[PDB]
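Notes follow the structure.
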Amino acid sequence: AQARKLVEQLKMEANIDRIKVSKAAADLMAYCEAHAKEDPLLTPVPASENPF
Amino acid sequence: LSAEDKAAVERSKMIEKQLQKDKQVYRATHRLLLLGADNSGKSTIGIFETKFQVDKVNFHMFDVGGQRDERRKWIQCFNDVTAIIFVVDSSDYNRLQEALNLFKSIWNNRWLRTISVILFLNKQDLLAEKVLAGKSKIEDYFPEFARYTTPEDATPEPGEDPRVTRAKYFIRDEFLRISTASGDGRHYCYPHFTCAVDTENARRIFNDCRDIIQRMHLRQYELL
Amino acid sequence: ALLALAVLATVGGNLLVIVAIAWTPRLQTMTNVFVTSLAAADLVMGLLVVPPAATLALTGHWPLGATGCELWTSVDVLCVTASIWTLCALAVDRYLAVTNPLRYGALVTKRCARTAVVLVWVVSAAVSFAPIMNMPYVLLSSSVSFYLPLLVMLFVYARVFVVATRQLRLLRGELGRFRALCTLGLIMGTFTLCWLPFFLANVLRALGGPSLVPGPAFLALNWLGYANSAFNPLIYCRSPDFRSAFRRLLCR
Amino acid sequence: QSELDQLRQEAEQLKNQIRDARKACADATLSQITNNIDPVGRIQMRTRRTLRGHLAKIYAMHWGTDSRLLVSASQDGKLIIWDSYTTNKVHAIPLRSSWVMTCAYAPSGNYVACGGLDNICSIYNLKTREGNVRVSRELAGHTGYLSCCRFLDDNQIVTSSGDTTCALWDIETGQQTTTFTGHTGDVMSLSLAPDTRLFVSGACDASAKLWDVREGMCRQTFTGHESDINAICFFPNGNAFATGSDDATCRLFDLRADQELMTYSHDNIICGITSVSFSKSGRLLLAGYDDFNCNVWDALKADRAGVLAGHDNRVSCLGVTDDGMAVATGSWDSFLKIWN
Amino acid sequence: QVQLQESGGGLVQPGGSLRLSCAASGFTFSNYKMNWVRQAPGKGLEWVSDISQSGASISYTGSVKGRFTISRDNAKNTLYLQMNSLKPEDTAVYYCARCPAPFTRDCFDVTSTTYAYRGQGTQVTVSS
Amino acid sequence: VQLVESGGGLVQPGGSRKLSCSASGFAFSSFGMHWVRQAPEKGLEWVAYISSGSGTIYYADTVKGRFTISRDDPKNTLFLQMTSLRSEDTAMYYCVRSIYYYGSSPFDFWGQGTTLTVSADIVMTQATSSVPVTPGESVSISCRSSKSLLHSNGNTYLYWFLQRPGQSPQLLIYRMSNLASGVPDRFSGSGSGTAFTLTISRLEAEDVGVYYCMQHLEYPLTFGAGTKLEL
Ligand SMILES: CC(C)NC[C@H](O)COc1cccc2[nH]c3ccccc3c12
């Protein structure tokens with residue numbers, strides 16, 4: 001049963017549903033674009049508003 | 001700065017003063033990593049921490065033994081030790097190649113490339129007994145032992161066989177060849193012949209760490 | 001014209017050294033304490049010592065007042081003594097780090113380094129301002145400021161040289177089974193070739209009378225030591241660590 | 001060969017089936033998906049703060065949830081809590097073992113965690129009536145060194161060990177409520193999801209697994225690296241993560257796509273990654289390398305957008321504040337630097 | 001995915017010849033030092049030979065010195081081990097092992113009990 | 001945690017008396033200690049302060065120079081040497097602990113106090129110095145300050161204390177908004193610069209007493225005259 005757990009895990013991973021990579025990439029794009037404004041590293045804040 | 005901000009800054013200053021006291025305590029202590037095989041006998045020489053004292057110098061030896069056989073990750077934590085103490089079993093010729101491979105990997109390890117190794121050939125009495133007997137021959141596991149003659153610099157111990165000298169110095173020269181095949185003088189290998197009853201290993205570690213740090217200071221002062 | 005170049009070299013190099021040591025937390029390694037004391041001494045050489053002398057040489061008129069010169073000479077003696085005693089301190093630190101490494105790990109601490117620097121500068125000020133409070137004084141001052149530290153550094157660096165050469169030969173033997181000269185000679189040769197002629201002519205004037213050694217020659221020798229004060233940053237900070245700090249400082 | 005043949009064959013087919021499914025689902029690469037967007041340009045980040053209290057190399061750091069307090073572990077066997085705004089040392093916690101390879105900052109801020117070669121996760125109470133930081137719970141039960149530990153809540157902590165296992169503990173009882181098994185080599189890092197219902201872990205088998213905390217099972221397994229994975233970080237969305245391995249490459253894996261979306265590497269980068277992190281928006285992926293310099297990668301375009309140069313040894317840890325104001329980088333030169 | 005498939009093992013009378021091949025997939029072959037390890041029955045893992053990234057540096061154990069020759073071919077991404085004059089002490093299952101990290105000269109934890117970058121094995125048994 | 005004060009008693013107007021404050025149950029060496037007095041007919045009044053490690057000492061202007069303060073961390077004792085007393089010094093002196101770091105709670109613990117009888121300032125005004133209330137009904141108490149306590153760092157350094165009759169006061173709110181440990185949520189702290197209020201929801205037992213407001217902006221520590229919540 002040494003490899004029985006491995007084969008069962010592989011079967012369990014195969015059982016899942018996989019969505020299209022284009023859709024996943026588009027979702028990541030959507031999140032990054034939507035939350036771009038609230039990223040201080042992306043667009044640096046004015047030195048007055050910078051706590052450091 | 002408010003009164004509370006000032007008090008917090010003061011408290012940080014007192015924390016920094018305690019840190020400086022700990023710096024004084026910590027710099028004076030020399031850290032040594034103890035590596036070896038299961039049969040190497042490094043126990044006599046989880047983590048089994050030792051703290052001994054030679055000539056008013058504080059040494060801290062660490063024998064990691066609570067991990068698995070994979071040591072490629074947790075060994076990087078010891079990038080700043082004074083020296084790595086490598087213990088081998090000279091009698092066991094079968095695992096001698098495994099010890100050589102471990103020594104080679106430690107020597108050529110990107111992070112342990114600046115760490116000198118103190119080499120302790122541990123079971124010298126067992127090696128001498130095995131060589132005197134006909135139990136096994138070195139040449140089986142090392143055919144190059146045929147074409148090898150005792151070094152000129154080799155100093156035999158009184159009352160010892162020349163063949164035991166040949167065996168012990170060939171075993172030591174395998175490690176030495178591995179060590180001087182590379183490294184270009186940043187770190188050095190220090191070979192020692194050890195017995196299970198030996199009591200001068202602390203003095204040996206003291207002398208060899210003194211040499212290690214003396215050469216480090218020379219190199220940092222550009223005096224080679 | 002060359003004296004101006006020496007002045008600007010002194011001030012720039014030593015100010016850069018001080019700035020790098022102070023602003024780099026990684027360079028504050030106890031021996032930079034002596035390095036920064038020496039850099040301060042050389043900086044005050046380039047600032048309050050060499051400009052008046054250069055202006056006097058290129059123009060007979062003394063730029064400093066009549067009373068100002070009597071305290072400008074005691075800034076010369078103070079600063080030169082401090083630089084030489086700091087060089088001796090650096091030699092002693094190297095000796096203790098090479099010959100007793102294990103114990104040197106805590107033999108000289110921050111307290112000891114800041115006591116030694118303070119004692120160096122206090123002795124320099126005492127030797128410098130003792131006249132304010134001639135032949136015997138010149139001899140004693142030159143012995144305390146130059147000859148005693150020079151002998152100490154010679155003994156110290158000889159011991160370090162024999163240790164370093166023994167270790168080099170041992171290493172060559174070890175690696176051959178299957179430079180201290182350049183560095184120490186540079187360190188000693190700069191200091192000697194610069195401050196030894198002046199402190200030898202000092203004793204010569206004191207003993208045989210001022211007539212034996214001419215003024216212009218005395219000026220030239222004193223103006224060779226000033227060159228030493230200029231050249232000190234080059235030799236005590238030619239480490240990859242120091243060079244990294246200088247690069248990071250002057251790039252931005 | 002009985003089991004050794006049958007199980008090996010069934011697996012070999014199953015892996016082929018997974019590969020075919022990933023090929024079918026790979027409709028189009030993310031790089032082209034984002035081949036039209038504007039370049040993120042260069043994000044020049046200057047060292048705004050430098051925290052210098054540690055006595056030796058720094059192995060880990062962690063930010064408080066308030067994005068102002070941070071903890072850090074070092075080889076000197078001390079745990080130091082910093083106020084990044086004022087550089088003040090809020091706390092200095094002496095540690096019994098000086099080989100602590102990780103530290104964790106409770107999200108509530110009450111406790112702190114530490115562990116390492118001692119195979120024990122130690123929990124230290126910060127807000128106690130005695131006024132001094134006191135160890136409250138020493139979690140034992142791991143048979144290897146503790147690579148990482150993260151607080152699920154004030155009473156639950158998830159730790160990853162070098163015994164090829166990750167565990168979910170319960171600080172109250174001090175016992176493991178769940179043990180996650182399946183990794184072949186040491187688990188070098190773990191990242192908790194924003195919803196904290198599942199986490200990912202990177203091991204020394206060049207694979208990263210996604211564990212469901214409740215059921216204690218591996219939902220998915222991601223491969224694609226060829227060297228030990230050292231760094232793991234969950235995407236802010238929570239549906240993806242990034243891994244940093246000794247191959248000197250960073251890869252982005254999507255939970256739903258179950259495959260690598262983009263490899264962040266260049267031909268001249270031959271140094272492994274020790275730590276990775278994301279920004280608030282997940283556009284910049286900061287990766288700390290062995291070359292003493294941290295690179296800032298455009299997470300959607302794979303082109304290097306900046307370098308966090310200034311550390312004079314290995315960048316061991318690298319974390320971003322919960323509010324995204326700053327990035328703190330710990331290295332082996334005993335200094336923590338805050339960049340804005 | 002790092003996959004090291006190796007084959008070529010079979011029943012051979014003592015003193016014969018045998019070529020062991022190890023097809024490597026999932027990684028760049030040319031930047032990894034490659035190793036050969038074996039496990040004789042009743043014993044533990046042991047190192048046999050290694051070859052550098054390009055092939056300039058090659059080493060072997062004393063037991064297999066002069067009779068085993070290891071060659072790598074980066075073009076086809078495979079590792080070879082030509083064995084000559086087999087002896088009854090050489091009966092073992094042979095694994096094909098890789099250095100954990102690229103551009104390195106230190107194969108650490110290759111002969112460990114559970115190493116990730118190691119093949120399944122070929123049962124090379126020599127007897128008369 | 002337990003703070004023990006001793007030495008208070010009958011002293012002539014001309015003389016001296018040493019006040020001791022024994023520490024037990026906390027890291028006395030890492031805490032900054034204060035001495036706060038309170039006359040029988042007067043509210044609390046801050047008299048002196050010695051920081052952690054004795055690195056900084058402050059005194060009230062009323063007893064500046066006249067009094068001395070000190071601590072013995074190895075012995076875990078706090079000392080206040082008083083010389084040339086005055087008839088106005090009749091008061092119960094409180095030993096107060098306070099540790100200062102980001103997010104700490106200063107003035108958290110007050111000693112039981114010892115009673116001693118003798119034979120550039122921010123003023124805090126507490127309106128409605130005596131009002132009757134009914135249990136089970138919410139109440140609001142407001143103390144205002146001459147100078148705004150906000151330090152532009154989001155730190156309105158105002159502190160609330162509850163002196164129940166017969167025991168030392170305890171800290172309720174620190175920084176005007178943060179509830180202290182062991183204090184129930186029914187208490188609420190709010191307000192702005194130069195105007196603060198304390199809100200209590202569902203008034204219950206163990207709340208009858210005198211409510212004090214204290215500023216910590218700068219060190220001339222000043223306490224309100226008291227509110228005297230009564231049934
Ligand atoms: C006198 C002024 C113009 N120049 C002095 C030299 O710069 C430095 O001279 C010294 C340095 C250290 C000790 C010294 N003792 C002396 C005695 C006489 C003259 C110079 C020095 C002297």
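Just remember, in the structure tokens the first chain shown is A, the second B, etc., residues are 1-based per chain, and ligands are 1-based in the order shown.
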*Provide as a list in words the residues of chain F at most 9 Å from chain D, counting only C-alpha atoms.*
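So the residues of chain F near chain D are residues 1, 25, 26, 27, 28, 30, 31, 99, 101, 102, 104 and 181 of chain F.
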Could the residues in this selection be saved with N, CA and C atoms as a PDB file, in the first residue's frame?
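As a result, selection.pdb now contains:
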```pdb
ATOM      1  N   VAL F   1       0.123  40.762  40.231  1.00  0.00           N
ATOM      2  CA  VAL F   1       0.679  42.090  40.440  1.00  0.00           C
ATOM      3  C   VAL F   1       0.184  42.656  41.762  1.00  0.00           C
ATOM      4  N   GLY F  25       5.141  40.613  41.355  1.00  0.00           N
ATOM      5  CA  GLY F  25       4.312  40.079  40.297  1.00  0.00           C
ATOM      6  C   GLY F  25       4.533  40.654  38.917  1.00  0.00           C
ATOM      7  N   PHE F  26       5.541  41.502  38.731  1.00  0.00           N
ATOM      8  CA  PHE F  26       5.799  42.069  37.416  1.00  0.00           C
ATOM      9  C   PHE F  26       7.262  42.470  37.319  1.00  0.00           C
ATOM     10  N   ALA F  27       7.706  42.697  36.086  1.00  0.00           N
ATOM     11  CA  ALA F  27       9.091  43.073  35.802  1.00  0.00           C
ATOM     12  C   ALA F  27       9.281  44.534  36.185  1.00  0.00           C
ATOM     13  N   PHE F  28       9.568  44.766  37.467  1.00  0.00           N
ATOM     14  CA  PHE F  28       9.669  46.130  37.977  1.00  0.00           C
ATOM     15  C   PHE F  28      10.743  46.930  37.256  1.00  0.00           C
ATOM     16  N   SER F  30      11.501  47.015  34.109  1.00  0.00           N
ATOM     17  CA  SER F  30      11.110  47.466  32.780  1.00  0.00           C
ATOM     18  C   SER F  30       9.909  48.402  32.799  1.00  0.00           C
ATOM     19  N   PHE F  31       9.453  48.814  33.978  1.00  0.00           N
ATOM     20  CA  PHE F  31       8.298  49.685  34.119  1.00  0.00           C
ATOM     21  C   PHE F  31       8.734  51.052  34.624  1.00  0.00           C
ATOM     22  N   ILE F  99       4.234  51.334  31.597  1.00  0.00           N
ATOM     23  CA  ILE F  99       5.244  50.901  30.641  1.00  0.00           C
ATOM     24  C   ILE F  99       4.923  51.539  29.298  1.00  0.00           C
ATOM     25  N   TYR F 101       5.516  51.713  25.365  1.00  0.00           N
ATOM     26  CA  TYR F 101       5.904  51.287  24.030  1.00  0.00           C
ATOM     27  C   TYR F 101       4.667  51.406  23.157  1.00  0.00           C
ATOM     28  N   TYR F 102       4.856  51.235  21.855  1.00  0.00           N
ATOM     29  CA  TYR F 102       3.741  51.390  20.932  1.00  0.00           C
ATOM     30  C   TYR F 102       2.648  50.386  21.264  1.00  0.00           C
ATOM     31  N   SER F 104       1.176  50.115  24.265  1.00  0.00           N
ATOM     32  CA  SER F 104       1.150  49.773  25.675  1.00  0.00           C
ATOM     33  C   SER F 104       0.031  50.524  26.385  1.00  0.00           C
ATOM     34  N   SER F 181      -7.320  46.235  29.857  1.00  0.00           N
ATOM     35  CA  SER F 181      -7.591  44.845  30.189  1.00  0.00           C
ATOM     36  C   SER F 181      -8.436  44.754  31.452  1.00  0.00           C
TER      37      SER F 181
END
```
*Show which residues sit within 10 Å of residue F:63, as JSON, numbers by chain. Count only C-alpha atoms, and ignore same-chain residues fewer than 5 positions away.*
{"F": [47, 48, 68, 82, 83, 85, 86, 89]}
*Please provide as a ChimeraX atom specification all residues within 10 Å of residue A:39, with the sequence filter that same-chain residues fewer than 5 positions apart are discarded (counting only C-alpha atoms).*
/A:32,44-45 /D:279-284,323-325
How would you report the residues lying within 7 Å of ligand 1, as a compact mmCIF listing (two decimals) with N, CA and C atoms, in the first residue's frame, if you count only C-alpha atoms and all ligand atoms?
```
# COMPACT_ATOMS: atom_id res chain seq x y z
N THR C 73 50.48 76.78 15.00
CA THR C 73 51.55 75.81 15.21
C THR C 73 51.16 74.71 16.18
N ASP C 76 49.06 72.33 14.33
CA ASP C 76 49.95 71.46 13.58
C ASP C 76 50.51 70.33 14.43
N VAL C 77 51.11 70.68 15.57
CA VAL C 77 51.71 69.69 16.44
C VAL C 77 50.66 68.73 16.99
N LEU C 78 49.48 69.24 17.36
CA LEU C 78 48.40 68.41 17.85
C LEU C 78 47.97 67.39 16.80
N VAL C 80 49.42 66.40 13.89
CA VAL C 80 50.44 65.45 13.46
C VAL C 80 50.66 64.38 14.52
N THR C 81 50.75 64.78 15.78
CA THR C 81 50.92 63.79 16.85
C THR C 81 49.73 62.84 16.91
N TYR C 137 63.06 70.50 24.61
CA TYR C 137 61.66 70.31 24.27
C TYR C 137 61.51 69.71 22.88
N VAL C 138 62.32 70.16 21.92
CA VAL C 138 62.22 69.62 20.57
C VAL C 138 62.56 68.14 20.56
N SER C 141 59.69 66.20 22.42
CA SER C 141 58.46 66.19 21.65
C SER C 141 58.58 65.29 20.43
N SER C 142 59.72 65.33 19.73
CA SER C 142 59.88 64.47 18.57
C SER C 142 59.97 63.00 18.97
N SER C 145 56.25 62.06 20.01
CA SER C 145 55.26 62.11 18.90
C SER C 145 55.64 61.18 17.74
N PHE C 146 56.93 61.03 17.44
CA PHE C 146 57.31 60.24 16.28
C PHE C 146 58.12 59.00 16.62
N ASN C 202 64.48 67.62 12.63
CA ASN C 202 64.10 68.26 13.88
C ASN C 202 65.18 68.07 14.93
N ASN C 222 58.56 69.35 6.13
CA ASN C 222 57.28 69.44 6.84
C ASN C 222 56.23 69.30 5.76
```
Close residues, residue F:207 itself excluded, 9 Å, only C-alpha atoms, min 5 positions apart in chain, as a PDB file with C-alpha atoms, in the first residue's frame:
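Listing of result_10.pdb after writing:
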```pdb
ATOM      1  CA  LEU F 162     -12.384  54.975  38.225  1.00  0.00           C
ATOM      2  CA  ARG F 164     -14.454  53.414  43.711  1.00  0.00           C
ATOM      3  CA  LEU F 229     -20.975  59.326  39.905  1.00  0.00           C
ATOM      4  CA  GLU F 230     -23.658  58.659  42.518  1.00  0.00           C
TER       5      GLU F 230
END
```
*Write out as number ranges by chain the residues lying within 8 Å of residue F:5, counting only C-alpha atoms and excluding same-chain residues fewer than 3 positions away.*
F: 19-22, 94-95, 111-114
Residues from last step as file, N, CA, C and O atoms, as a short mmCIF file (atom, residue, chain, number, x, y, z; two decimals), in the first residue's frame:
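Contents of out26.cif, freshly written:
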```cif
data_model
loop_
_atom_site.label_atom_id
_atom_site.label_comp_id
_atom_site.auth_asym_id
_atom_site.auth_seq_id
_atom_site.Cartn_x
_atom_site.Cartn_y
_atom_site.Cartn_z
N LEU F 19 9.19 57.33 51.58
CA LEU F 19 8.08 56.51 51.12
C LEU F 19 8.62 55.35 50.29
O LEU F 19 9.44 55.55 49.40
N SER F 20 8.15 54.15 50.60
CA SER F 20 8.60 52.93 49.94
C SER F 20 7.45 52.31 49.16
O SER F 20 6.28 52.40 49.55
N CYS F 21 7.79 51.68 48.04
CA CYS F 21 6.81 51.02 47.18
C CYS F 21 7.38 49.67 46.75
O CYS F 21 8.19 49.61 45.81
N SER F 22 6.97 48.61 47.43
CA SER F 22 7.45 47.27 47.10
C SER F 22 6.72 46.73 45.88
O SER F 22 5.51 46.95 45.71
N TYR F 94 -0.02 57.27 45.96
CA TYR F 94 -0.24 56.06 45.19
C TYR F 94 1.00 55.74 44.37
O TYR F 94 1.57 56.62 43.72
N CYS F 95 1.41 54.48 44.41
CA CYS F 95 2.47 53.98 43.54
C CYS F 95 1.82 53.42 42.28
O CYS F 95 1.01 52.49 42.35
N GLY F 111 -1.09 51.19 43.13
CA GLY F 111 -0.93 50.56 44.42
C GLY F 111 -2.02 50.97 45.39
O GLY F 111 -2.74 51.95 45.20
N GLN F 112 -2.16 50.18 46.47
CA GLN F 112 -3.21 50.46 47.45
C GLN F 112 -3.00 51.80 48.14
O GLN F 112 -3.96 52.42 48.60
N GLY F 113 -1.75 52.25 48.25
CA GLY F 113 -1.49 53.58 48.77
C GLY F 113 -1.27 53.59 50.27
O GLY F 113 -1.79 52.76 51.01
N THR F 114 -0.48 54.56 50.72
CA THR F 114 -0.25 54.81 52.13
C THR F 114 -0.67 56.23 52.47
O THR F 114 -0.39 57.17 51.72
#
```
*strand (DSSP E or B) positions in chain E, given as a ChimeraX atom specification*: /E:3-7,12,17-25,34-39,46-51,58-60,68-73,78-84,92-98,118,122-124,126
Residues of chain B that approach chain D to 10 Å or less, counting only C-alpha atoms: could you list each one with the shortest pair of atoms and its distance in Å to one decimal, rows by chain and increasing residue number, as JSON lines?
```
{"residue": "B:5", "atom": "CA", "partner": "D:86", "partner_atom": "CA", "distance": 9.2}
{"residue": "B:8", "atom": "CA", "partner": "D:88", "partner_atom": "CA", "distance": 7.3}
{"residue": "B:9", "atom": "CA", "partner": "D:88", "partner_atom": "CA", "distance": 6.2}
{"residue": "B:10", "atom": "CA", "partner": "D:88", "partner_atom": "CA", "distance": 9.1}
{"residue": "B:11", "atom": "CA", "partner": "D:89", "partner_atom": "CA", "distance": 8.0}
{"residue": "B:12", "atom": "CA", "partner": "D:89", "partner_atom": "CA", "distance": 4.9}
{"residue": "B:13", "atom": "CA", "partner": "D:89", "partner_atom": "CA", "distance": 8.2}
{"residue": "B:14", "atom": "CA", "partner": "D:89", "partner_atom": "CA", "distance": 9.5}
{"residue": "B:15", "atom": "CA", "partner": "D:92", "partner_atom": "CA", "distance": 6.9}
{"residue": "B:16", "atom": "CA", "partner": "D:53", "partner_atom": "CA", "distance": 6.9}
{"residue": "B:18", "atom": "CA", "partner": "D:92", "partner_atom": "CA", "distance": 9.1}
{"residue": "B:19", "atom": "CA", "partner": "D:53", "partner_atom": "CA", "distance": 7.2}
{"residue": "B:20", "atom": "CA", "partner": "D:55", "partner_atom": "CA", "distance": 8.8}
{"residue": "B:22", "atom": "CA", "partner": "D:55", "partner_atom": "CA", "distance": 8.4}
{"residue": "B:23", "atom": "CA", "partner": "D:55", "partner_atom": "CA", "distance": 6.5}
{"residue": "B:26", "atom": "CA", "partner": "D:76", "partner_atom": "CA", "distance": 7.6}
{"residue": "B:27", "atom": "CA", "partner": "D:55", "partner_atom": "CA", "distance": 9.0}
{"residue": "B:46", "atom": "CA", "partner": "D:118", "partner_atom": "CA", "distance": 6.8}
{"residue": "B:47", "atom": "CA", "partner": "D:118", "partner_atom": "CA", "distance": 6.9}
{"residue": "B:49", "atom": "CA", "partner": "D:97", "partner_atom": "CA", "distance": 9.9}
{"residue": "B:64", "atom": "CA", "partner": "D:117", "partner_atom": "CA", "distance": 8.1}
{"residue": "B:65", "atom": "CA", "partner": "D:117", "partner_atom": "CA", "distance": 9.8}
{"residue": "B:66", "atom": "CA", "partner": "D:144", "partner_atom": "CA", "distance": 6.6}
{"residue": "B:67", "atom": "CA", "partner": "D:144", "partner_atom": "CA", "distance": 5.0}
{"residue": "B:68", "atom": "CA", "partner": "D:144", "partner_atom": "CA", "distance": 6.9}
{"residue": "B:70", "atom": "CA", "partner": "D:185", "partner_atom": "CA", "distance": 8.2}
{"residue": "B:71", "atom": "CA", "partner": "D:162", "partner_atom": "CA", "distance": 9.8}
{"residue": "B:72", "atom": "CA", "partner": "D:204", "partner_atom": "CA", "distance": 9.7}
{"residue": "B:73", "atom": "CA", "partner": "D:186", "partner_atom": "CA", "distance": 8.5}
{"residue": "B:74", "atom": "CA", "partner": "D:117", "partner_atom": "CA", "distance": 7.6}
{"residue": "B:77", "atom": "CA", "partner": "D:99", "partner_atom": "CA", "distance": 7.3}
{"residue": "B:78", "atom": "CA", "partner": "D:99", "partner_atom": "CA", "distance": 9.0}
{"residue": "B:79", "atom": "CA", "partner": "D:57", "partner_atom": "CA", "distance": 9.4}
{"residue": "B:80", "atom": "CA", "partner": "D:57", "partner_atom": "CA", "distance": 8.7}
```
*Counting only C-alpha atoms, which residues of chain C come no farther than 8 Å from chain B, as a list in words?*
residues 94, 97, 98, 99, 100, 101, 102, 103, 105, 106, 164, 167, 168, 171, 174, 175, 178, 179, 180, 181 and 183 of chain C
Dump N, CA and C atoms for the selected residues as an mmCIF file, in the first residue's frame?
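Dumped to selection31.cif:
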```
data_model
loop_
_atom_site.group_PDB
_atom_site.id
_atom_site.type_symbol
_atom_site.label_atom_id
_atom_site.label_comp_id
_atom_site.auth_asym_id
_atom_site.auth_seq_id
_atom_site.Cartn_x
_atom_site.Cartn_y
_atom_site.Cartn_z
ATOM 1 N N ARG C 94 46.145 45.726 14.560
ATOM 2 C CA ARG C 94 46.464 44.645 13.631
ATOM 3 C C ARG C 94 47.286 43.557 14.311
ATOM 4 N N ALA C 97 44.947 41.527 16.492
ATOM 5 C CA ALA C 97 44.024 40.717 15.707
ATOM 6 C C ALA C 97 44.721 39.546 15.035
ATOM 7 N N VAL C 98 45.993 39.689 14.684
ATOM 8 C CA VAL C 98 46.690 38.606 13.996
ATOM 9 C C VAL C 98 47.313 37.626 14.979
ATOM 10 N N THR C 99 47.954 38.121 16.037
ATOM 11 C CA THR C 99 48.709 37.241 16.921
ATOM 12 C C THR C 99 47.841 36.612 18.003
ATOM 13 N N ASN C 100 46.781 37.291 18.432
ATOM 14 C CA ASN C 100 45.823 36.752 19.396
ATOM 15 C C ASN C 100 44.423 36.928 18.832
ATOM 16 N N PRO C 101 44.023 36.103 17.874
ATOM 17 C CA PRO C 101 42.685 36.261 17.289
ATOM 18 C C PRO C 101 41.564 35.810 18.217
ATOM 19 N N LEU C 102 41.746 34.635 18.823
ATOM 20 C CA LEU C 102 40.719 34.080 19.696
ATOM 21 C C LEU C 102 40.441 35.005 20.872
ATOM 22 N N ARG C 103 41.496 35.491 21.522
ATOM 23 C CA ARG C 103 41.309 36.409 22.635
ATOM 24 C C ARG C 103 40.970 37.814 22.163
ATOM 25 N N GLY C 105 39.006 38.606 19.962
ATOM 26 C CA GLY C 105 37.557 38.676 19.819
ATOM 27 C C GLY C 105 36.871 39.544 20.861
ATOM 28 N N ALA C 106 37.452 39.648 22.065
ATOM 29 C CA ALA C 106 36.920 40.532 23.095
ATOM 30 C C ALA C 106 38.007 41.243 23.891
ATOM 31 N N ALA C 164 52.879 36.336 9.315
ATOM 32 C CA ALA C 164 52.229 36.249 8.014
ATOM 33 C C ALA C 164 53.061 35.453 7.021
ATOM 34 N N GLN C 167 52.776 31.781 7.897
ATOM 35 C CA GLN C 167 51.491 31.235 7.477
ATOM 36 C C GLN C 167 51.420 31.079 5.964
ATOM 37 N N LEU C 168 51.987 32.024 5.213
ATOM 38 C CA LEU C 168 51.990 31.907 3.758
ATOM 39 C C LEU C 168 52.802 30.708 3.294
ATOM 40 N N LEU C 171 50.862 27.573 4.107
ATOM 41 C CA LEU C 171 49.756 27.396 3.176
ATOM 42 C C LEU C 171 50.245 26.906 1.826
ATOM 43 N N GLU C 174 50.938 23.336 2.110
ATOM 44 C CA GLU C 174 49.713 22.547 2.206
ATOM 45 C C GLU C 174 49.077 22.353 0.840
ATOM 46 N N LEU C 175 48.924 23.435 0.083
ATOM 47 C CA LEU C 175 48.276 23.343 -1.219
ATOM 48 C C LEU C 175 49.166 22.712 -2.276
ATOM 49 N N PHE C 178 49.560 18.124 -3.371
ATOM 50 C CA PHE C 178 48.922 17.331 -4.413
ATOM 51 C C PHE C 178 48.987 18.042 -5.761
ATOM 52 N N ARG C 179 50.011 39.898 -0.463
ATOM 53 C CA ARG C 179 51.380 39.712 0.000
ATOM 54 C C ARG C 179 51.650 40.559 1.230
ATOM 55 N N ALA C 180 52.184 39.929 2.275
ATOM 56 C CA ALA C 180 52.517 40.669 3.486
ATOM 57 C C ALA C 180 53.619 41.680 3.221
ATOM 58 N N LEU C 181 54.601 41.308 2.400
ATOM 59 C CA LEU C 181 55.705 42.212 2.105
ATOM 60 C C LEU C 181 55.199 43.505 1.480
ATOM 61 N N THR C 183 52.123 44.855 1.428
ATOM 62 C CA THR C 183 51.220 45.626 2.280
ATOM 63 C C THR C 183 51.967 46.307 3.420
#
```
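Pairwise distance (atom CA of residue C:63, atom CA of residue C:51) equals 8.9 Å.
Between atom CA of residue C:220 and atom CA of residue C:122 the interatomic distance comes to 28.3 Å.
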_DSSP-assigned helix (DSSP H, G or I) members of stretch 28-175 of chain B, reported as a PyMOL selection string_ = chain B and resi 74-78+96-107+111-114+124-132+138-141+143-145+162-175
*asked:* Just the number, please: distance in Å from atom CA of residue D:286 to atom CA of residue D:248, one decimal.
replied: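 Calculated distance between atom CA of residue D:286 and atom CA of residue D:248 is 13.5 Å.
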*Would you please work out which residue, of C:27, C:20, C:38, C:49, is nearest to chain D when using only C-alpha atoms?*
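Result for the nearest residue to chain D: C:27.
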